[PDB]
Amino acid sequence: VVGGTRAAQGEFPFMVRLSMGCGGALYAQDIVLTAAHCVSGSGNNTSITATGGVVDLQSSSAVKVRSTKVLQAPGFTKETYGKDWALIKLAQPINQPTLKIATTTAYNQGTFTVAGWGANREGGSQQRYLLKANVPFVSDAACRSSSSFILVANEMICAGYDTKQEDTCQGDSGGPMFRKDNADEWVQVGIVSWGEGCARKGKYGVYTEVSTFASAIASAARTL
């Protein structure tokens, strides 16, 4: 996160760090929702470690759990190309609250919150402590005007600033973009997906449009 500050311990308990250098969210206590581009494909996979429970990745309170299998969005090709979601089944649950995902378009607007352990600047190192930032919605029309690479409107939600240096960055991929719902609970509207650089002038962040995929995500989760 560029232009971020530390999340408090316990603030976003659904956050998970994944050992390929991505974030994720606890969709179920034993299922992590992340980006398709954070995984290689679908199959059995006991090589990923999920770190839950803590903002400080060096904390002895961390819960470290291995994966058992991965389901990458059917049809996934590359970020700028859409369908950037995946599920990781965990061998054991992480006993933390889950993050509900958006199943309608009701929340695909307003001011979002992002969080991750990715870089704090283009080209930078990953972070020890979870950082957070707020980023405002940017319409598909405004995002496509800014963009070089294809925007698949139905599959991508943009957010960020024109010149303010506040954005997700490398290693934030797969984390949730979220906001409050009408019942004052967090709801996931995006997955950190891609951007042209980080916090570049005139460029925004691009996130998987979770409401488009929520049905497919539930179907995938039932396979795990």
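Numbers follow the displayed sequence, beginning with 1.
The deposited model assigns a higher average Cα B-factor to 199 to 207 than to the other stretch when 199 to 207 and 11 to 19 are compared. Between 76 to 84 and 136 to 144, it is 76 to 84 that carries the larger average Cα temperature factor according to the deposited entry. Which of 130, 151, 90, 102 has the largest Cα B-factor in the deposited entry comes down to 151. Taking only the listed residues 187, 26, 62, 39, the entry reports the highest CA temperature factor at 62. Residue 162: CA B factor lies in the highest third for its chain, per the PDB record.
Ranked within its chain, residue 193 lands in the lowest third, by CA B factor from the PDB record.
In this PDB entry, the Cα temperature factor of residue 120 sits in the top third of its chain's modelled residues, the highest group. Annotation for residue 48: C-alpha temperature factor in the lowest third relative to the rest of the modelled chain, per the entry. Sorting the modelled residues of the chain by their CA temperature factor places residue 173 in the lowest third.
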